[PDB]
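Take a look at this one chain, the form deposited in one PDB entry, written out in structure tokens.
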């Protein structure tokens, strides 16, 4: 009888199928003829956008070792073409059918399909993706609508893309909001560009969770009074974070939108705008929309008349063309019967690492963990190794399952505290998840085995991408050595991120907050770098309309709209004039001097002197314990 049956083949299943093939483990795939959202967009000519995740976190290690030459954000078209490439490789192992039920028994599961053919398999892996009504809404969007008003009740990456397609046709956008977290998907470090996933250095949580909190959360929590940051100019973007009860930050369950800042979009695309726009690189700078009044934030209880399609704000009954509210993504799971009898209910927090449900036997979930930043590939590549190791090695299967409920309890205590399960529990920081899985599999690194300072840069500062853990050991991929070499050379061995931690080692969280925003351009939501691109924004809108073959009238200054903009930006108009011109930009000075210190001792063996003390203390970090990794 079959050893492994995989249900669903799109993107998440790729690395697991690759490993089962290499161990020549018997397996079968069943995926529906229907296809994915990527197929639907392909079939309607709608793959004209880009990923919000960098290439090095969005493509699998066995592609990166062949294809990586620089950091960049691939297009949707590039993403899907990689999906299809791998489908052509394994299509002979795919039965085109739709799974309707799984009866889970002691040794095996009985799988049913719509064609009526049944299958028996010892191990069952589900990688079927998620449902979103927002997908159908993008597949039916008319991008030639112009001179209209739109009302949004949710803000997310899908909503942000629609706003980017609506802005150039002179459409006005109203956001009825209880706040959202937005982050520049690319930032500058002493002028040079870094995708945000490059600057997370997540293993510094092992030094101290308080130090790691100071490294990451001042752009998310309103910790600085600096009047240049968007959460001071537009306080309706602030969310109610009272649910957070973990000492691990960024907390599991936090989601952010990643967007092109206009200064970085200009840097990359201004010399060939019409071509870049047509390739899928669209300007989606929400901070620029608020700055210019093209998007306004209004209180979440602003009244809407759905009968008349009006919304009333600033004393104005504003008629609107369309109202938009996105649904909750739910996973696409078939009916699963505990013991062939009891319906199973999915709950992310009641599974181990989002993969192992504790009510079932030999059933695994692949692709249902979401990364807080970067691509899903980092997550699904590590999940695939975990799953493959579970399927093919009984000693590991037993070592994990013998205390499964206790591992889940300790995991949840660490990352959720006493919070009730939330809809977004499945979102995790990618460098915590890949490192968590690595330590479970045993392909992690050990902080105490670093010899030189260059070793400490790799352990702590080099991003915890899946390929980081595939240089040596059980899941080693050929070519990973040159890839890490390329990445280090191209990012100066990540000395810049390492120096950030050193600069804040003795600050409290408010000192750290103001230090983050003392740079000439701080990483995220710097409102000082918007007005200077007003001219370019007009060039962008003209070029966008040329690509879309549309004629649009911008002569009518919407006076009603201008009035509503003025009402909505009163805090901005008060705090923005407080923006200071400094003599010293403290963060820029500290990072330059810290980088020059590190590159002079890069090759020194572990043997300012207070920085020396800090660096030597990285060999035995005292917050290294993760109790869900142990077998008691």
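Numbering follows the first chain given and starts at 1. Rigid core: the largest C-alpha set superposing within 1.5 Å between the two forms.
In every other compared PDB entry of this protein that covers both flanking sides, residue 572 is modelled, so it falls short of the one-third threshold for missing coordinates. Coverage remark for residue 28: present in the model in all other entries compared whose chains are built on both sides, leaving no third without it.
Gap between residue 607 and residue 608: 10 or more deposited residues without coordinates. Of the two segments, 581-589 and 64-72, the one listed with the higher mean B-factor is 581-589 (C-alpha atoms only). Between the stretches 375-383 and 100-108, it is 100-108 that shows the larger average CA temperature factor. Of the candidates 196, 438, 283, 450, the PDB record gives 450 the highest C-alpha temperature factor. For the set 466, 288, 461, 190, the maximum C-alpha B-factor listed in the entry falls on 190. Per-chain ranking of the deposited C-alpha B factor places residue 49 in the middle third. The deposited CA B-factor of residue 175 belongs to the lowest third of values across its chain. When all modelled residues of the chain are sorted by CA temperature factor, residue 551 is found within the highest third. Annotation for residue 93: CA B-factor lies in the highest third of the chain's modelled residues.
Sorting the modelled residues of the chain by their CA temperature factor places residue 532 in the lowest third.
Another form exists, deposited in another entry; not displayed. Remarks below refer to it.
Among the candidates 225, 316, 507, 476, displacement between this form and the one not shown reaches 2 angstroms at the C-alpha for one position only, 316 (superposition on the rigid core).
Positional change of residue 241 between this form and the one not shown stays under 2 Å at the C-alpha, relative to the superposed core.
Once you line up the core between this form and the one not shown, the Cα of residue 267 stays within less than 2 Å of where it was. Core-superposed comparison between this form and the one not shown: the C-alpha position of residue 92 differs by less than 2 Å.
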